[PDB]
Structures are given as structure tokens and as C-alpha cells.
Amino acid sequence: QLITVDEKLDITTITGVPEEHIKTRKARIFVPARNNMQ
Amino acid sequence: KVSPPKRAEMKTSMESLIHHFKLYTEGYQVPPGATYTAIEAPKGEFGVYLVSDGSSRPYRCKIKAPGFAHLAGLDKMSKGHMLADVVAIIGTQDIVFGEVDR
Amino acid sequence: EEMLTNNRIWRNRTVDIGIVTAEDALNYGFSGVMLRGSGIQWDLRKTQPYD
Amino acid sequence: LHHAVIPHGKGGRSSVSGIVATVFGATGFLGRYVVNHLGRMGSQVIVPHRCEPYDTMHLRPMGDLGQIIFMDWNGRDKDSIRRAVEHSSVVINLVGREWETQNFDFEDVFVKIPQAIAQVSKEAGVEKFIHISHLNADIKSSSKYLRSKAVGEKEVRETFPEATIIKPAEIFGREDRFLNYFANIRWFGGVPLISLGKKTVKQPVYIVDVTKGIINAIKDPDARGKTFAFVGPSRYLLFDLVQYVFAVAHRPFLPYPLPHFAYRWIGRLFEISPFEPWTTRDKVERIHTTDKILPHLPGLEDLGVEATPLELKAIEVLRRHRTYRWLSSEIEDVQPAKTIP
Amino acid sequence: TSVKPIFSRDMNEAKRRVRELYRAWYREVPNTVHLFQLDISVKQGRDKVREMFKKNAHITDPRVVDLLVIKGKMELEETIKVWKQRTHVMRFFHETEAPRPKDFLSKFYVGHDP
Amino acid sequence: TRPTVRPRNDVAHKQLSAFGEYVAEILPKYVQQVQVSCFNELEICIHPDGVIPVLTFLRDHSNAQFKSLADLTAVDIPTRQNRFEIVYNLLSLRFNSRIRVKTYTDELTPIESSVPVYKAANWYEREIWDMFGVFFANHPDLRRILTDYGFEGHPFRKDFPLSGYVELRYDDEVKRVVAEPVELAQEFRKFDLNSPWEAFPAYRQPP
Amino acid sequence: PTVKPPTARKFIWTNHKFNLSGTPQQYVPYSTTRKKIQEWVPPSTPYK
Amino acid sequence: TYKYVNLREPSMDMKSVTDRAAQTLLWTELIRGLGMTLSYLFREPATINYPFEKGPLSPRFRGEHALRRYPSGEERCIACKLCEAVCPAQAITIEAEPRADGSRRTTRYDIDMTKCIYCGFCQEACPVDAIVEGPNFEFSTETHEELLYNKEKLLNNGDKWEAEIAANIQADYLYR
Amino acid sequence: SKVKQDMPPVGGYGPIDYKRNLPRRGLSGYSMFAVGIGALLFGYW
Amino acid sequence: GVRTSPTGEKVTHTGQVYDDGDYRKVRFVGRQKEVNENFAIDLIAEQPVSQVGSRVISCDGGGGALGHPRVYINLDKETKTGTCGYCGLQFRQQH
Amino acid sequence: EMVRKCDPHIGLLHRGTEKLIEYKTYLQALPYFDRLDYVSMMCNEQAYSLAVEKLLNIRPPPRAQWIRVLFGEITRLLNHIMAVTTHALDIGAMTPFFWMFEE
Amino acid sequence: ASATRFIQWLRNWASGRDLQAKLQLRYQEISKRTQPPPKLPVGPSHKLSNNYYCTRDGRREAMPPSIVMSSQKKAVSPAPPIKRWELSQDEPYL
Amino acid sequence: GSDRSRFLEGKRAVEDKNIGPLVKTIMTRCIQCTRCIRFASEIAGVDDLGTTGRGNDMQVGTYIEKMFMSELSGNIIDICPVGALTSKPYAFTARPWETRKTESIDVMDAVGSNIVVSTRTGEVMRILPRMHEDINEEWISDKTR
Amino acid sequence: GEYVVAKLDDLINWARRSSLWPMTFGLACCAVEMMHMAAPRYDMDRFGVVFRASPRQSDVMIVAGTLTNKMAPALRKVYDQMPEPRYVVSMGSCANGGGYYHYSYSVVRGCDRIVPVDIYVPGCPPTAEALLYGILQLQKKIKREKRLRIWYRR
Ligand SMILES: CCCCCCCCCCCCCCCCCC(=O)OC[C@H](COP(=O)([O-])OCC[N+](C)(C)C)OC(=O)CCCCCCCCCCCCCCCCC
Ligand SMILES: CCCCCCCCCCCCCCCCCC(=O)OC[C@H](COP(=O)(O)OCCN)OC(=O)CCCCCCCCCCCCCCCCC
Ligand SMILES: NC(=O)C1=CN([C@@H]2O[C@H](COP(=O)(O)OP(=O)(O)OC[C@H]3O[C@@H](n4cnc5c(N)ncnc54)[C@H](OP(=O)(O)O)[C@@H]3O)[C@@H](O)[C@H]2O)C=CC1
Ligand code: SF4
Ligand code: SF4
Ligand code: SF4
Ligand code: SF4
Ligand code: SF4
Ligand SMILES: [K+]
Ligand SMILES: [Zn+2]
């Protein structure tokens, strides 16, 4: 039977990543530019 | 476009040089798909579940080692035996931990 | 084989050691000689030939 | 800074600390911790060694590839000292014996060799020089070991005026000749002590405290031309200390007084070994020398190091001296020794 | 927003599992120090257990809590059965880590990392 | 029969297609997709609730008899809402045939353990938990199998770095092996190999 | 090689050396590239 | 087809039964096994007398790497970096620039011999036969750092071993 | 020039054994036992 | 030609030499600096320039399949020589 | 000496082979298969080659297929010598290992 | 091969075989270590005409999977039942 | 294309031409696409490039000794599909697969041209244009490059 | 004085290098070529090299294969349990410097992060003959030890 969970998905505590490389990182989401040589 | 040309051809023919250059840098692209392929290896059924995303690098490559399942049955096969018998049961399963552990 | 097959010491160390039934071998995921030892007639070179 | 000595990385094995250090006497007790702490952060360490190469093997895993460099040297050969120090930014002198051999006496190891290193290091243009002396170094001391330390400490001062001089108390650690020394007396039954160990006070200091203090002096610009006294946090009566050593080791303690004269006779009998003496007359004098109190000198605290109590680390050293029956006793099972407030 | 539970249907159920795990970890420390011949004290080990529980006190997903308890139980089983070695038990204390200052100036001196 | 082109076997393609719709007809509660590849491999894609019913039917049904679990693995696809694809590769000795069964799950959702269907699954599911973090419910003895004791993270996840986060060495001071943040003397060199020109039109995705 | 000698080249070693590891002739690695970034060298005269 | 390895019912005639009782009591099959190792005792052993005798190798053998030259003495390597791209172990590191005469040549060519898997892919990828795996297999060292080859080391290997390298390439290039 | 590559000899290779060959040896059980008792009786005598 | 710097350290064919004050030369103390003394830049300049009759010549480096990929070199510019981009041999159109 | 439970702890030779392969081209990944069952090298290569050939939809020439079966069976002999003789060696019969490792 | 006749006899009797016919040490029956050069053949695609790559391109004839069912009459089995193996006539019982 | 050759003749060889210190020309690699000619005339507004001769011997170039030194000259390297026109400063230093691409912005002027900074092993290797329809399209100035 | 200790080194060195007992310790692929060095063609036993399973009765550790993080504490343990003098031979790329798993999250990048190494044998795997070259190189290292000469001059 399904339960009602009412919070944003956070898996940071169960990913095994060190604290430094979660809070101090800055991720860039982008579509790569076309390599101008081709 | 899959197998590299002969060295003599690569040093004479423009197409051969291009394909040699590209096969040893990018490699051949593989059409998207997934296969489980197996053989009668000396230790048992050895298979790979190989996933291609269309690029020249495999996306996933799960390796099926027969020794993985054989070793998992070691406790089952050893019921009611002594220390020296388990030494024999490990041998009769023919285990190499390069394939078991990967 | 002149050293092992008929040797009573060898046979004492191997006969009735680690018996596995045919049904257990299949359900446990065994293959190769771990199946054929129990009588399961199966060899991928015969049933699913390659090359 | 030359571009190749500018620090890089996050301070790990593969980083670059910028320190190029020549450690003389790195193959002994204190040396292995100093080299370990330099290699941890990615320093270039030159280890000039006198012993057989097999006896330096424990140093190899301490640095990334290329970071530990071994050279031969002779304490009397000043050419072999320039080779080892002339590319360095700091030179660390840890040379010393607790006994005199047929070839080197206390003057050799505590005066002539320290002076030669400093004089050659000065000529090579070495920026920094760290010299280890002794808390109880004194010209008027009954121990000739300590008399040479005083002469050598002064000589290194004129030769290399900007040298950091460190004066540790007795150091305890896994490979020390201190806690191990007392624990080994069990092989003779009772534990002989001058005046029953009721007349001597000691302030032993942990090996890692000394090592961290040395490493912080290299990096601290204000440690130049200074003299430091590295002492532990608590002062003990010798009898209380040695009794505590036997409690942590769980060995039966049978103290009995031995007069000063008769217990030099035993010290003279052990000096006859052509090997490493089990004890010497000078060792007897040092062990029974009261540790000095030198408030005018900065201590470990002035180098950012917080001294480690003997109670936290005694079991680390003395567990191997227990029998099977007592190997697994916890740290709490033995009450701390009485301290001198 | 209706998802399949792992064990606990809500936070109150999950928290009971947390306390059952904490008791098991609390009771096991004296044996771990005795069995592994650790030089730390029973207090030091129990403080470390508290520290590991305290860093996850902000979770409010019963599923995330259940996975943490699942991993905690597995973590305890390795210790009790001495599958872990002393090196694995002492990895919680980072004894060879040189402390990394956390203020702006100290970081600014040492490098570019924020 | 062109020498360099793999021959196409259509009798098997028809046979696998027939059995594929046979499975879908019998188990409409769970089967979401059935497909056959150009090299003749049948895949059944099912709802995760149907792991035990589908696998049990395939093992026991007289017209299936997939008695051997060849392989049980997972694939991580971060772009999906359910990133983990769980893949069962089954073998039928009786009908000399293979079938693949696929389901899905995410980080926080468990999957029923198939150990009751195939005892071979015991270690496969431990490997999937160890390397991907997918929890299997009612598993007899679930715990890491391949990674080091105390290892944190699930290495085969695409967002786990290749060299991990920590590394080991022997420290003489503490007289033991210690773990420290990973630093590499030579960073792994990332190569951008993909050609900017489409290779396989037949697989082109509509815009 | 008495019957079928190797082809001669002016760059081939005329003197074979055995394994020199553990001797003063041992190979020591080093980077073979030149300095990448050139630092600014301040003037030699005071103006300030 | 298949055969049975162990499915034979032994005969029960008093001669066969008496034969097996003799086997059990007189140890005849254990004596027979002693005959085999006795026969080996009087065979010439297969041991070669290393290092005065060597094991046989072929011209394809994959050993220590070396950078080759043209007969003029010019380097063959043109810094194409195909070997660096194909290296499964990422054991090759290259930097290049125009030489003083404009030639395309490397300024760095490192092989980390403790990363290398001695797979020979680099010499397959090279279009000019610059990098090869020579026939030398006896170059164990006393330090790790001695196995991190730079360009000077590899060029010396080429000059050291060129006489043999050329003869092996001559014997096998027609299979390539 | 004609193609030259590693090939079998034109006629093919000679036969290759593979079947188990463990030859029979020794004397009957009766003969072995008879020799032993004959030895014993002479020993006793 | 292999040169020695004022510090005495040999200069490699890539121009590398630890400058005076670089601690990294301690790695050579008690050992040696591996330097190849057959500078390819020097050796190729000793080859004679080959006079040919055609406007275009091809170079495979010699040895057929054992050389380099076959290229073709234009020789219309009479102020300079045609150089092979693989092996560095020079060619010249004779009148 | 009676065994009441066997608990095989593996991973002492786990080397993230499967994760490493994702960072390689198809050719670059082939040598990883030599080092799995490192007694049966050429058979592991064959299994991986068949999977890639199947995905590529190409066919190796007849001679290569015969060389593959030839060396696959030579490889099977290498495996079974190692399997049987090391199995005998563990059980105490050390001599066959020496006779058959010369083969 | 250098063993004397008496020793040849002795190890033949002890082993129960004729060991000399099948020695495990190799002598001069092996191939010479210097061979003549090969001249290897070329493949089917080495033609000057009627050889367009688009008629022999295996990768481009690969197609995506056929969707049999997507949730977006007689019973069948995956294949015909396997035939029962027959016993060997070469040597049925080892 | 096909995977092999059936050309059994000798190849054309063309002499090289100097057009300044920024663009190296290996004109034997030219495939006569005329992109460079059109870019120079239309985008750079410079009419120095063109074809001379005809047939197989048609040669792209300037005819006379002349340097193509526009502020937009370096862009002909990008639009040339082959290695006929390449960057002299960049020559031989890297290969495309091994570069890391950092998408950044140019500060040589106030136009804010979008660029890709190619790096390798911690070193800046070259600067490439980044397409932005509303700023620099797919070109950058020579100074930016 | 000098003459007596000089001969005494020659004697203890000769005995130690003529009687080298490696630990029965192999890790992966390279252990197969270690077996081939014990096999008849090379016969390590003829040099006086004899495998013994117990660390207490072993002089040399041949690290033959990949060292994982999980295995690393065990390898250090059995090394520490060898009596001295003891030697370590690093065999193959994996042991030498991680090799083809150098960038793996679970592999120690060279066994010399865990133990001191006397000899590094390159190859993947080194041939049986190459390992025999390394063992004989270790013997010649032991032939040069100067334990008593240095002791005499202390
Ligand atoms: C079947 C029976 C066979 C018996 C065979 C017995 C061996 C016969 C060969 C003997 C040759 C001499 C062996 C010397 C080996 C010493 C060990 C060694 O190498 O250590 C290096 C040490 C050198 O150590 P070191 O001083 O340089 O430094 C040690 C400190 N670290 C580790 C930090 C470097 O040698 C010595 O200390 C002294 C050498 C003595 C040589 C002469 C032997 C006299 C020993 C007497 C000991 C006193 C107790 C009496 C014991 C009874 C004696 C019979
Ligand atoms: C006039 C009236 C006369 C009255 C007296 C007449 C008596 C004559 C008949 C007596 C019987 C003769 C045999 C006596 C010897 C003992 C026989 C024996 O015990 O053999 C049986 C034993 C077990 O064999 P097994 O088949 O496994 O067990 C039975 C199965 N349930 O088998 C074994 O022992 C197995 C041994 C394994 C270990 C063997 C290793 C060494 C083998 C080589 C040694 C060869 C002999 C060397 C003799 C040296 C003498 C100096
Ligand atoms: N309790 C303590 O440990 C205290 C130590 N100190 C001082 O700290 C320094 C190191 O202490 P510790 O490390 O315990 O001393 P150790 O004896 O443990 O090591 C001393 C070092 O000096 C070297 N050495 C000794 N004599 C000579 C010589 N004649 N020629 C060349 N090298 C020589 C040794 O090299 P080899 O190994 O080759 O002989 C060794 O590496 C010494 O100066 C000591 O006096 C000060 C206060 C207390
Ligand atoms: S042999 Fe293989 S692993 Fe070694 S350098 Fe060449 S390509 Fe790289
Ligand atoms: S060695 Fe060969 S493949 Fe490698 S960069 Fe040089 S020319 Fe290219
Ligand atoms: S852009 Fe390049 S290929 Fe096209 S005409 Fe100009 S030089 Fe030739
Ligand atoms: S890389 Fe392109 S332009 Fe350069 S030679 Fe090859 S095909 Fe021609
Ligand atoms: S070095 Fe090579 S052969 Fe040895 S274990 Fe590693 S991969 Fe296997
Ligand atoms: K271009
Ligand atoms: Zn050329």
C-alpha cells in the first residue's frame, strides 16, 4: 500500500558523496555549443 | 569502417588512412541496442549484456561470469562436509576471481 | 589418469563429495560442467552454436 | 619563490608543499615521524643516510613518487654534506646516540657533526635550520650526553644565528627508549631506582607533539632565531611514572632503591656490549635527572601544538609488553599516575 | 505523491527504527573497543556514534530514513562479526587528516577552493 | 549472403514475436511493452510489481520453462525519472531459447527479491544493491558484496566519479592502512570522441 | 649475426649497456618540456 | 552426441571379483601409480639453464617500448597522437610544437610503464612505425620512478635495440 | 605471385589420438594370491 | 648538438634544462640525466638535397611499406626546397 | 572440522572493470576481457567479439571463425589443465601439476 | 632422446607405454624459426567495380527493435522443443 | 563515403602560399570549396582571395604575394572544412579529442563575443567562436582569437 | 677487523640469497606466470627458491597481481608477519602502479603505497622468464648488503 510522502526528493544523505562536493560545487546545465571547426 | 585496413594500404590509399586514423581515435560507432551474448567458456556459460547508445563507447557492459553463481552455491554444496572436503569443493567449481569479482 | 582416475585415495577424496542435484544446479544458476556433472545434457556449443 | 616551490594542491600525498628538506638522522626514532609528516603533504625530502639501505626501507612508502631521495654521507665528510643540503630550503638535524661507540663519542654526534652541518648549510645558503638539543642540556650536568648537548646547542647558535633550536623532554612513542626502557626492566625482576624514584621529576612529551612542533617551525616565520622547549602537559615523580608504566603493561612492579654508586657499576657492566647497550652509566644519569622548568622559552603551544597527555597514548606503546592474559585490557582499566601540581 | 514504502509508513514509525539502531550501536561500542583493541575510550566511540546520528537529524522523508537505518544495520553487522578490520573501524576518526581551516582567510591563503 | 553482413534469421524472429504476444496476453496486469530486436532477442518490459508473477510464470509454465537465470543486472540512466533499469536474462533449456525481462525503480523504491523464484538471484541482487543502491525487499541476506567494508556510495552509478572519492595508503605513524581524499599524480584525461555527424539514420529521434 | 648481420645505422649504439638499475648510471625521470608561464620581472631601479 | 564418463556396472564373476579383492589387498593400482612417477624419474627434465639458455620467442613479441628513426637519423614520430588516443591504459602522454626547422615533433613523450598493459595497440596505431614494443623483457628496476619513461629514455631504447627491432619488423610486417 | 599463408599439408595431417588408453597389465588375482601364500609358507618353514 | 648549461647540466634536444636555483635537479645527484645525444634536427640537416626532373615528386620515406604514408611534394618554388612533412628529406627541381 | 556454514567474502579482486569499460572505446575495452578469467583469455575475447559483431550486424570471415574455434579449444585445454592439476594439488597430489604445466 | 637403451626399456616398462614414440621434449620436428615471407590474400571487397559500400554496409541495415505489444488461437512456446541428444557411436561409455 | 580506394594514379601537388603570420596554408589539402573566398568577400569585405587557373589546376589564393590581414581574417580557419587553412600559433600543439571545452566570453572589447576556451592538462590551447545569433553569430575578431 | 666482517657479510648474504622462500601469495593474472616459474621449464626450486605458505617461514613477498582497497589491509598484515630480513618483489603493472585499473575507485595505485618494494618487474604480465630475471636481480641486491661492514664502522 502506497504512502503519502510530501517533501522534495533529497538523496544527499544516501549517495555517499562527501559534504565538500555537494555544497561547494556549481553544476552547469547546458546544451554544448557546436564545435566551430565542423 | 569496423576492421582497420592493412598497413600497406593505410600508407598508400587516402580512404584507408582516414579510416585507420578514425578507427584508432574515435573507434567504430555501434548501432543503439542491447545484447546478451554467451559462449561455452571452459568454466561455464560466459556472457556479456552489452548496451550501446549509438556512440563508439559502450554505455553499459555487464559481464556474466559462470564462477559467480558457482561460488554462490558453495555453502549449499558444502552442507554436511568437513574442512578438507570444502577445499575439494572449491576446486571442483573451477573458480577464477578475476571473473567472479571483475 | 594413471595417477588419479583409479587411485583409491583420489576417489576417496572426490566420490560423493559436493553432490548437487540436477534441479538445484539449474535453479542456482550453474552452467558448464556444474550442470553436466549431474546429468543435464546441455552444451552451448551444441545447442546455441557460434562461429 | 621559484615557480617549482610554490605550493599547489589540497595538501595531500600528490600535492606540492613547497618545502625541500634535508633531514639528517632521519633513520632513527624521531626521524621516521618527521619524514612521514613531510611526505604526507607532498614535500621533497632528502634523506642522507649512513646505515645499510635495507634499514631505510620503512621510509620509502612515506612520499609520492620521487619525493623521497636517499644519499650517502659521512658525519666527518663535509663534501657529502653539501651534496645533501645545497638544493634545500630547510635543513633538519636529528643526529644523536644514547651511547658512545668506538668510532663516535658524544662530542662527535652532539658538537662536531651539528656544527659541520650548520657551517655547510650556512655556506650553501640554506634559509632555515632546525636543530634538536635537549631540555636538560647543561654544562655542569653529571651526564656527559647532556654536557655535549649544551656545548653543541651553543655552537649551532653562533654558526647559524637564525636557527630554530628545539629542546624536547624525554619523548614517548612506539619506538621510544623511554616507556619501552622501563617496561623492559621486568626481565631482571625488580626495578632499581636511585632514591626509589622519589627525587626525580619528569615531563615527558609525545612523539607526535614534537613532530608537529618541528613541522610548524618550518612554516612559522617567527620560529627563526628562537629556542623552544617541547614538554608534555604533566610533571610526574619518577616513581609514579615507572609504577604507571608497569600498571599499563600489567606486569608485577617490585621497586627497590639502588644507591647511585652501585647503579653506575651495573651501567658500566652493560656498556661492554659491542652492540646497542641495554643501559649505560649516562643513561642512568639522564633517567634520574629532574626535567628543567624553563618558562622564559616558548613551548609547544606557541607553535600551534596542544600537548598530548601520557594517559591517552601510553597503551599505544605499552600494550605489546603485556602477556596474553592482559592484551585486551582497555585504556580505562588503569588509573592515572599522580601528578605534581 | 503516493509512493511505495520501504519499511516505515511515516516519520514516527521511522524514528522508532532509528532509536532501535542507536541503542544497538550504543551497546556495541564497549565490545568494539575491547575486540578490536582500539586505543580510543568507550566515551570517544560513543561520541562518534552520536556524531554520525546527528549529521542526519534534518531528514523528513520516511523512505530516506529507512535506507539510513538499513545502511546503519549493515554497518553494525560488519563490526560485530569482525568483518571490518581495525583500519575500517578507525576510518571514522580521520586520524591522519591535517585539519582544514573553514574560515575565508585561511582558505584564501591556501588556494582557490571556496 | 553477402560475406561481411550478418545474416538475418526470420524464422526465429517470428517465433519470438509469437511467444512475446503470448506472454502479454496471459499477463496483461504487468506487461507494459514487448519487443524483438533485429538479432532476434525478445524483451519483456513489465511493471515492477510483476517481478515475482512474471518470473514465476516464465519459470514454471509448461510452454515457457525458463529454469535458468543467466544473469540479473541493472543499468543506470540518470535522465529517467526511474533511473535504474533492472534486467533479468533467462534461459530455457527445454525450448533452447532465451528471454530478457526488464523493470525499473528509483533511488528510494524497493524491488521484490526474486530469490524465491531463482536462488541464483541471491548474489546478483547483492551486487545490484552494492553497485547501484537498489534495495531488494525480503532478501535473505542483503549487504555489500564487491566493495570494501564501510565503502560509501554506489560506484556503478553514472554520477559516481571513476576514481571515487577516497584512496588508501599505509601510514607509519598510526601503523595501519588509512583512507584519505583522492589525489592523482596524473588526472584521468577526458576524451571527446563523438563525431558531430549522424551515423545511423534508422535510429534518428524525431525533433 | 655472424652469417646475417644487422643493418648498420650511424645512430645505433656501438656499445651495448646491460641493466643499469641500482647504479649511478640508472635512468632518472624528468619532464622534458620547457616552462609554460613566464613571470613578470620587476624593474631594477626604484621609482615609488 | 554425448557419452557417459562414469556409468559402468562391474562384473560379478568369481575371477573378476577375485581380481578386485587382489587390487584392494595387494594395492596393485597404487603400485601401478608408482610406476608412472618412476618412469618420469628417468626422463630428461624440461628445465632450461637460465640465464645461459633462454626460452623461445617470436618476432611478434611485445616487450619494452622504443622510439625509432629513419635511416637518416630523423625521428619517425610526428606527434600525431594516435598512440596516445588508442592506449587502453592512458599510459602515453605527449606534447608537441613546431621544431626549430618547422618540423612537427614532440617535446614530451612519456610512457608510464607501470600503467602500460603491453598490449601493442600503440604500435598498431602508429602510421610511421615510430613507437614499437621491442624484444627486451629483462628491464626490471629497483625503484618505481625508473619505470616512468620520458622521450630521452625511449629514444635511447630505440638506438639501443634498433638492430634487433628492424630485423623483427622485417620478419613480420607482411602479416600486418 | 600466388597466395601463401599457413595452411594444412595438401593431403591433410596424420591421425591424432585422443581416446583414453589405460592398458591392462598384471597377473590374475589367483596368481598374485598364490605367489603370496607360497612366499609365506617358505618363510614359515 | 648537446650543450651543457653554466650549471653543467646537459641540455636536451627539446631545450629542457633545470635553471640554477631549481631544487628539482637534486634528483640527478649521485645519478645521471638521461639525454639522447643523437639530435634528429641535426642529423636530417646532413642529408643531401635530391635533385629531380619533374615538378612533383613523391616520398614514402624509403622501404616501401616500412616508411610513412606516400605524399607528393610540389617543387615549383625555386627559392626553397620541397621538404617531406613526414621524414624531412628535401627535394629540388634540377633546372 | 565439520563445516556448519560457508560465507564467501569476495571483492578482494574487484577492480571496477565494468565501470572502467564505459570510459573506453569498443577496441580499447577488449583487453579487459583477457583479464577476467585470466586462464581462458582467448575465449573471453571471443564472447565479447561476438556481442559487438552482433550489435554491429557484421560477420567475421570464415578463416577467422576457424582460427577462433581452433584457439578457443587450445584455450580450453589450458583451462582444464589449470583446473584439474590445481584441483589435484590442493587435494595433495602435486606431481601432475608439473607434468601438465610443461604442456 | 639421448637416453640409453636400458633406461628407455626401464621407463617404458614402468610407465607401461612406449614413451619414445611421443616424447614431450621437442627436437627437430618443429618448424624452422626463420620462415619464408607470406603473401596474404585479400577479402571479397577488394574489387574495382560493382563494389559500392552501400550494398555491403552491415551497420546501416541494423534496425530498432520491433514493438510487438505496447501499452502506451493456439498456445506457443519460445521455440520448438529441443531434440533429445543421441548417444555417441564413437565411444558411448568412457 | 566508401571504405577503400580504387584510385591508382599519382596525386596533384600544389605549392603553398603565405597570407600572413596567422593562417598557415597547406594548399594541397584544399578541396576548392570556395568558403574562404566567399567569407573574405562577403563577411570581411576584402577581395584578395580567389581562384586562378581552371580545371584540376584551379588554385585558391591571391595570385600575387599578399597578406590577408583583416580583423576577421582568423575566421577562415574555422570555415575551411579541411586542413588547408590552419592557425599558425596553434600548429601541432593539440588534438581535438583531448581538449576540454570551456564556454566563456571575450573581454578584448565591449561586444562580448561568445567563445570556447580549449584547454588541456591545465593549459589554455586556443580560442574558438561560440555561436550567438544576437552578438557575434559564429565569428570572433583576430585579437579575440 | 674489516677483513673478518667483510667475509661474514659474504657468508650471511650468500646464505640468504641462496635460500629465498617466497610467501605462497598471488593475487590475479600475474600469479599464473608465477606458477610457470615454478613449472619444469624454469624450475625456481633449482635456484633454492621454495614457496612456503606461512608468513613466518617466508623471506620474500611477491605481489603478483592487482591490489584492491579491500585486500590492502590483509597484504600489509602478512607482510608485517614475515620475520626479518624480508623483501618485496612487485610483479606486473597492477602491483607496480595500478596498471590498467589505475583510475579505479577500488584499486591501490601501486603496492608501494602499502609496503616497501625492493624490485619492480614490469609487464602485464611479466613473462615467467622476466620474473626469474627479477628474482635473480633481488639475489644480486642481497649480495651487495653491507650489514656487518656498516655495523663495524658505527
Ligand atoms: C645447524 C646449525 C646452523 C647454525 C648456523 C649459525 C650461523 C653461522 C653463521 C654465523 C655468521 C655470523 C652471523 C651474524 C648475523 C648477525 C645478525 C645480523 O645480521 O644483524 C646485523 C647486526 C648489525 O646491526 P646494526 O648495529 O648495524 O644496526 C641495528 C639497528 N638497526 C636495525 C636500526 C639498523 O649485526 C650485529 O649487531 C653484530 C654482528 C655480530 C656478528 C658475529 C656474531 C656474534 C653475535 C653474538 C651475539 C651475542 C649473544 C650470543 C649469541 C650466540 C652466538 C653463538
Ligand atoms: C598359511 C596361512 C596363512 C595365513 C596368513 C595369510 C595372509 C595373506 C593375506 C593377507 C592380506 C594381504 C594384504 C595385507 C596388507 C593389508 C591390506 C589392506 O589393508 O588393504 C586395504 C586398505 C584399504 O583399502 P580400501 O579399498 O580403501 O578399503 C576397503 C573398502 N571398504 O588398503 C590400503 O591399505 C590403502 C593404503 C594407502 C596408502 C598406500 C601408500 C603406499 C603404497 C605403496 C607401498 C607398497 C608396499 C610397500 C611394502 C613395504 C614393505 C617393506
Ligand atoms: N627521548 C628522545 O628521543 C630525545 C631525543 N632527542 C634528540 O633528538 C634526536 C633524535 O632522537 P632519536 O631519533 O631518538 O635518536 P635515534 O638514535 O633514534 O636516531 C638518531 C639518528 O642519528 C643518526 N646517527 C647517530 N649517530 C650518527 C653518526 N655517528 N653518524 C651519522 N648518523 C648518526 C642515526 O642514524 P643510524 O640509524 O644510521 O645510526 C639515526 O638516524 C637526537 O639528537 C636526540 O638526542 C632530544 C631529546 C630527547
Ligand atoms: S602497449 Fe598498450 S597500454 Fe602499453 S603504451 Fe602501448 S597502447 Fe598503451
Ligand atoms: S609514436 Fe606514432 S602514433 Fe604516437 S604520436 Fe608519434 S607518430 Fe603518432
Ligand atoms: S575554405 Fe579551405 S578547402 Fe575551401 S576553398 Fe578555401 S582553402 Fe580550399
Ligand atoms: S585531417 Fe582532413 S584535411 Fe587533414 S589530411 Fe586528413 S582528410 Fe585531409
Ligand atoms: S599486471 Fe596484467 S597480468 Fe598482472 S594482474 Fe594486472 S592485468 Fe593481470
Ligand atoms: K581548418
Ligand atoms: Zn618522406
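Values below: every heavy atom of this structure, side chains too, minus hydrogens, waters and symmetry copies. Both counts, for ligands and for their atoms, begin at 1 and track the order of listing. So you know, we letter chains A, B, ... as the sequences are listed, proteins then strands, and number each from 1.
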Item checked: Contact partition for D:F110 relative to ligand 3, non-hydrogen atoms under 4.0 Å -> side chain
Check: Is atom 2 (Fe) of ligand 5 less than 2.8 Å from an N/O/S atom of H:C83, whether that atom is in the backbone or a side chain?
Finding: no
Item checked: Residue portion contacting ligand 1 (non-hydrogen atoms closer than 4.0 Å) for N:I12 -> side chain
Checklist line | Metal check, atom 8 (Fe) of ligand 5 vs H:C77 N/O/S, cut-off below 2.8 Å | finding: no
Notebook entry, point to check: Which is it for N:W151 and ligand 3 at heavy atoms under 4.0 Å: side chain, backbone, both or neither?
Noted result: neither
Check: How does D:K149 reach ligand 3, if at all, at less than 4.0 Å between non-hydrogen atoms: by side chain, backbone, both, or neither?
Finding: side chain
Note to self: Does only the side chain of D:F104 get under 4.0 Å from ligand 3, or the backbone, or both, or neither? Count heavy atoms.
What the structure shows: side chain
Notebook entry, point to check: Which of these passes side-chain hydrogen bond (donor to acceptor under 3.5 Å, both in side chains) with H:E75: H:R105, H:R69, H:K151, H:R68?
Noted result: H:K151
Next item on the list: Enumerate the atoms of ligand 3 whose separation from the nearest heavy atom of D:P168 is less than 4.0 angstrom.
Entry: 47 (C)
Notebook entry, point to check: Should the proximity of D:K167 to ligand 3, defined as any heavy atom under 4.0 Å, be assigned to the side chain, the backbone, both, or neither?
Noted result: neither
Notebook entry, point to check: If you measure from atom 22 (O) of ligand 3 to every heavy atom of D:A137, D:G28, D:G96, which option wins on shortest distance?
Noted result: D:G96
Check: Heavy-atom contacts under 4.0 Å between D:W73 and ligand 3: side chain, backbone, both, or neither?
Finding: side chain
Note to self: Does ligand 1 come near enough to N:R154 that some N or O of the ligand is less than 3.5 Å from an N or O of the residue?
What the structure shows: yes
Check: Among protein heavy atoms, which lies nearest atom 8 (Fe) of ligand 5, and at what distance?
Finding: H:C80 SG, 2.3 Å
Item checked: Close N or O approach (D:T27, ligand 3; < 3.5 Å) -> yes
Margin query: Which residue and atom name correspond to the protein heavy atom nearest atom 5 (C) of ligand 3, and how close is it?
Written below: D:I171 CD1, 4.1 Å
